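Below: one structure, written as structure tokens.
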Amino acid sequence: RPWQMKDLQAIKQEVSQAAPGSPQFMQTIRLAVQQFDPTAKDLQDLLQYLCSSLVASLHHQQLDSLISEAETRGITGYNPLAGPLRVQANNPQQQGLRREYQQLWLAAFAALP
Amino acid sequence: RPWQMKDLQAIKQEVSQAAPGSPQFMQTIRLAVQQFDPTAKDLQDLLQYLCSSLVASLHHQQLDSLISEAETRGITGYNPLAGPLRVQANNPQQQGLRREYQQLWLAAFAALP
Amino acid sequence: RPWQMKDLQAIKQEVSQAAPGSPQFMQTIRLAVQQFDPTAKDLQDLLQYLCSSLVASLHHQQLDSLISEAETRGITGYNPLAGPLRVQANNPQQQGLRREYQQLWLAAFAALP
């Protein structure tokens with residue numbers, strides 16, 4: 001049951017004033033993601049929806065660095081021989097992957113300033 | 001039948017102006033808690049959405065003290081050999097613990113100002 | 001079809017300007033009660049939601065007076081061998097008791113001033 005249009009518009013409107021990485025932005029986005037459990041595809045939809053392309057690029061760089069760090073350290077069930085981290089997360093049989101991807105996404109978003 | 005994004009958005013918006021623990025906030029939060037019948041996990045999510053980390057920490061300490069006294073006295077449904085009240089309240093077959101957790105939560109949050 | 005968050009939040013939204021006993025307050029309360037046909041549980045929830053604790057206490061004094069008067073006089077389907085009207089209105093198969101309780105509720109609210 002991925003978010004429809006109205007859910008995403010409520011999400012966008014509530015955070016009009018707050019700048020990326022602010023506590024309010026992070027709070028609301030954390031609620032949304034932890035309520036809907038969206039795969040990487042849908043998180044990309046949301047990120048391209050809310051902020052500009054510059055913020056998306058910054059987030060992508062930060063998320064790539066975080067993926068490298070937390071994948072060399074180790075992940076509970078990351079089998080990197082069966083596809084990249086993004087693809088495994090989007091599989092609906094890899095709940096752990098979805099959870100870790102969501103946490104990495106949120107950390108990268110919070111790590112702008 | 002857990003709450004959805006719209007319910008949380010309405011709960012936060014209706015009480016944006018008021019202060020934590022004000023009679024208005026207490027009315028709305030008590031109604032939500034008594035209506036949706038949530039466990040500890042959902043209550044933690046709601047608190048993270050509503051108030052900042054400072055208010056979250058203060059409520060955490062106050063609720064720790066309240067749960068401390070309550071379950072140190074001894075409660076009808078609490079069996080300390082299975083886990084902390086935060087975990088028993090998350091099992092849907094322990095509604096007594098869930099209601100006690102809800103009431104300790106609301107009282108603790110009301111005791112802030 | 002017991003009311004959710006949205007219904008009660010509306011009710012309080014349009015019962016915010018007026019004061020208890022005023023024509024608007026009673027209009028809205030009577031409409032809601034006549035529509036959802038709520039028992040004593042939901043009625044007490046609605047009252048705790050709407051007004052301060054002082055007004056709720058006053059209303060309950062008036063309601064106890066009305067209920068005592070009616071039980072002395074006699075109710076069509078009230079059988080005191082099982083429990084008070086207070087508890088007889090929670091059973092879904094006692095529509096008469098529930099509607100009588102709703103009417104005493106509305107009267108006691110209308111007679112506050």
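Note on naming: chains are A, B, ... as they come in the structure tokens, residues start from 1 per chain, ligands start from 1 in the order shown.
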Write out the coordinates of chain C as an mmCIF file with C-alpha atoms, in the first residue's frame after a least-squares overlay onto chain B built on all ordered Cα pairs.
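Contents of selection22.cif, freshly written:
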data_model
loop_
_atom_site.group_PDB
_atom_site.id
_atom_site.type_symbol
_atom_site.label_atom_id
_atom_site.label_comp_id
_atom_site.auth_asym_id
_atom_site.auth_seq_id
_atom_site.Cartn_x
_atom_site.Cartn_y
_atom_site.Cartn_z
ATOM 1 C CA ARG C 1 -6.488 -0.659 13.569
ATOM 2 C CA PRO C 2 -3.167 1.128 14.125
ATOM 3 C CA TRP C 3 -3.156 4.754 13.041
ATOM 4 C CA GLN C 4 -1.982 5.680 9.549
ATOM 5 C CA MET C 5 -0.315 8.913 8.413
ATOM 6 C CA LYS C 6 -3.562 10.880 8.377
ATOM 7 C CA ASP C 7 -4.454 10.280 12.032
ATOM 8 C CA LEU C 8 -1.041 11.228 13.406
ATOM 9 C CA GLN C 9 -0.752 14.212 11.071
ATOM 10 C CA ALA C 10 -4.059 15.508 12.389
ATOM 11 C CA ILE C 11 -3.019 14.865 15.995
ATOM 12 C CA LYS C 12 0.119 16.932 15.470
ATOM 13 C CA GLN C 13 -1.876 19.596 13.611
ATOM 14 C CA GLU C 14 -4.181 20.275 16.565
ATOM 15 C CA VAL C 15 -1.411 19.668 19.135
ATOM 16 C CA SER C 16 0.733 22.383 17.553
ATOM 17 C CA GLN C 17 -0.506 25.538 19.297
ATOM 18 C CA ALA C 18 -0.527 24.155 22.842
ATOM 19 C CA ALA C 19 2.443 22.990 24.914
ATOM 20 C CA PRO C 20 2.923 19.651 26.713
ATOM 21 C CA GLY C 21 0.970 19.385 29.940
ATOM 22 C CA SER C 22 -1.578 21.992 28.885
ATOM 23 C CA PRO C 23 -5.218 20.848 29.041
ATOM 24 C CA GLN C 24 -5.578 20.700 25.244
ATOM 25 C CA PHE C 25 -2.453 18.602 24.696
ATOM 26 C CA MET C 26 -3.475 16.047 27.311
ATOM 27 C CA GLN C 27 -7.077 16.042 26.069
ATOM 28 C CA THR C 28 -6.036 15.139 22.534
ATOM 29 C CA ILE C 29 -3.399 12.608 23.601
ATOM 30 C CA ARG C 30 -5.781 10.845 25.979
ATOM 31 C CA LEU C 31 -8.498 10.694 23.330
ATOM 32 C CA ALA C 32 -6.141 9.223 20.737
ATOM 33 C CA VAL C 33 -4.732 6.632 23.138
ATOM 34 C CA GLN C 34 -8.146 5.621 24.495
ATOM 35 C CA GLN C 35 -9.425 5.256 20.924
ATOM 36 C CA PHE C 36 -6.693 3.387 19.050
ATOM 37 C CA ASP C 37 -5.437 1.372 22.060
ATOM 38 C CA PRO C 38 -1.789 1.588 20.929
ATOM 39 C CA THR C 39 1.056 -0.459 22.354
ATOM 40 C CA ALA C 40 4.436 0.915 23.445
ATOM 41 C CA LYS C 41 5.764 0.876 19.876
ATOM 42 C CA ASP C 42 3.072 3.179 18.507
ATOM 43 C CA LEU C 43 3.206 5.375 21.613
ATOM 44 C CA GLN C 44 6.931 5.970 21.189
ATOM 45 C CA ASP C 45 6.358 6.719 17.495
ATOM 46 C CA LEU C 46 3.705 9.291 18.399
ATOM 47 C CA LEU C 47 5.955 10.944 20.977
ATOM 48 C CA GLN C 48 8.910 11.166 18.601
ATOM 49 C CA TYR C 49 6.523 12.694 16.079
ATOM 50 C CA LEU C 50 4.979 15.352 18.299
ATOM 51 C CA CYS C 51 7.580 17.089 20.452
ATOM 52 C CA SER C 52 11.290 17.829 20.445
ATOM 53 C CA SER C 53 13.893 15.346 21.650
ATOM 54 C CA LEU C 54 14.288 17.202 24.954
ATOM 55 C CA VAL C 55 10.614 16.747 25.835
ATOM 56 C CA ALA C 56 10.756 13.091 24.793
ATOM 57 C CA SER C 57 13.760 12.533 27.067
ATOM 58 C CA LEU C 58 12.009 14.258 29.971
ATOM 59 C CA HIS C 59 8.904 12.159 29.383
ATOM 60 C CA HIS C 60 10.938 8.967 29.313
ATOM 61 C CA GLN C 61 12.644 9.885 32.585
ATOM 62 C CA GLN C 62 9.232 10.384 34.186
ATOM 63 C CA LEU C 63 7.929 7.186 32.589
ATOM 64 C CA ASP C 64 10.858 5.133 33.854
ATOM 65 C CA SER C 65 10.205 6.524 37.329
ATOM 66 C CA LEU C 66 6.507 5.613 37.130
ATOM 67 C CA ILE C 67 7.163 2.138 35.717
ATOM 68 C CA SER C 68 9.797 1.361 38.354
ATOM 69 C CA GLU C 69 7.421 2.525 41.083
ATOM 70 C CA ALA C 70 4.592 0.374 39.721
ATOM 71 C CA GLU C 71 6.737 -2.747 39.312
ATOM 72 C CA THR C 72 7.979 -2.413 42.891
ATOM 73 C CA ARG C 73 4.417 -1.902 44.122
ATOM 74 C CA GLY C 74 3.080 -4.659 41.856
ATOM 75 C CA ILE C 75 1.031 -4.867 38.672
ATOM 76 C CA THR C 76 -2.022 -7.067 38.241
ATOM 77 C CA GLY C 77 -0.694 -9.124 35.330
ATOM 78 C CA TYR C 78 3.001 -8.241 35.196
ATOM 79 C CA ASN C 79 5.196 -11.345 35.067
ATOM 80 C CA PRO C 80 8.872 -10.255 34.989
ATOM 81 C CA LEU C 81 10.032 -13.751 33.971
ATOM 82 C CA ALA C 82 9.592 -12.898 30.267
ATOM 83 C CA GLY C 83 10.502 -9.222 29.859
ATOM 84 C CA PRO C 84 9.846 -5.681 31.058
ATOM 85 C CA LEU C 85 6.483 -3.964 30.796
ATOM 86 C CA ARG C 86 8.168 -2.100 27.943
ATOM 87 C CA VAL C 87 8.325 -5.446 26.118
ATOM 88 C CA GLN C 88 5.226 -7.003 27.719
ATOM 89 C CA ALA C 89 2.983 -4.303 26.214
ATOM 90 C CA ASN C 90 3.952 -5.273 22.647
ATOM 91 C CA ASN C 91 2.306 -8.691 22.929
ATOM 92 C CA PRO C 92 -1.327 -8.277 21.779
ATOM 93 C CA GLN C 93 -2.602 -10.805 24.363
ATOM 94 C CA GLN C 94 -1.636 -8.652 27.385
ATOM 95 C CA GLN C 95 -4.298 -5.938 27.309
ATOM 96 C CA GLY C 96 -3.863 -5.144 31.003
ATOM 97 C CA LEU C 97 -0.168 -4.361 30.654
ATOM 98 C CA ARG C 98 -0.840 -2.246 27.565
ATOM 99 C CA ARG C 99 -3.517 -0.147 29.267
ATOM 100 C CA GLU C 100 -1.367 0.262 32.379
ATOM 101 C CA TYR C 101 1.496 1.482 30.195
ATOM 102 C CA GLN C 102 -0.837 3.908 28.431
ATOM 103 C CA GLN C 103 -1.986 5.334 31.763
ATOM 104 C CA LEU C 104 1.573 5.763 33.051
ATOM 105 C CA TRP C 105 2.394 7.406 29.716
ATOM 106 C CA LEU C 106 -0.418 9.930 30.051
ATOM 107 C CA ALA C 107 0.452 10.632 33.694
ATOM 108 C CA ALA C 108 4.147 11.167 32.965
ATOM 109 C CA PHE C 109 3.221 13.517 30.133
ATOM 110 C CA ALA C 110 0.805 15.428 32.369
ATOM 111 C CA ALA C 111 3.426 15.834 35.118
ATOM 112 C CA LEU C 112 6.160 17.435 32.984
ATOM 113 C CA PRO C 113 5.580 20.953 34.429
#
### Task
Using backbone DSSP assignments, extract all helix (DSSP H, G or I) residues from stretch 4-91 of chain B; output them as JSON, numbers by chain.
{"B": [5, 6, 7, 8, 9, 10, 11, 12, 13, 14, 23, 24, 25, 26, 27, 28, 29, 30, 31, 32, 33, 34, 35, 36, 40, 41, 42, 43, 44, 45, 46, 47, 48, 49, 50, 53, 54, 55, 56, 57, 58, 59, 60, 61, 62, 63, 64, 65, 66, 67, 68, 69, 70, 71, 72, 73, 85, 86, 87, 88]}
